[PDB]
């Protein structure tokens, strides 16, 4: 199909699926997403990561930062320091099939995930 992956993460797109055509995964979880959800997720994550990369330049030592960005149906929560960041994602439920979910990628793995998203 169309697959990008590495230690602790994966992104898979399957065009034969008329609805849940994208899969995102971490080390112990994976969830399917519809085209709308996927589009908004990439937008949110790219913005939050861009915000983090710019602001991390003023962090002294092991000073931490927490950033959140919400764009329905997603709430993205970033926690990091000048050396890395983790990301918790809360997907609010919608309609009959779009169950809610909460997922998380740890420090360092996040950079690999956003690079994959960015290329897609």
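Residue numbers count along the first chain shown, from 1.
The deposited CA B-factor of residue 103 belongs to the lowest third of values across its chain. In the PDB entry, residue 67 places in the lowest third of its chain by CA B-factor. For residue 11, the recorded CA B-factor ranks within the lowest third of the chain. Only modelled residues enter the ranking.
Sorting the modelled residues of the chain by their CA temperature factor places residue 39 in the lowest third. Annotation for residue 28: CA B-factor lies in the lowest third of the chain's modelled residues.
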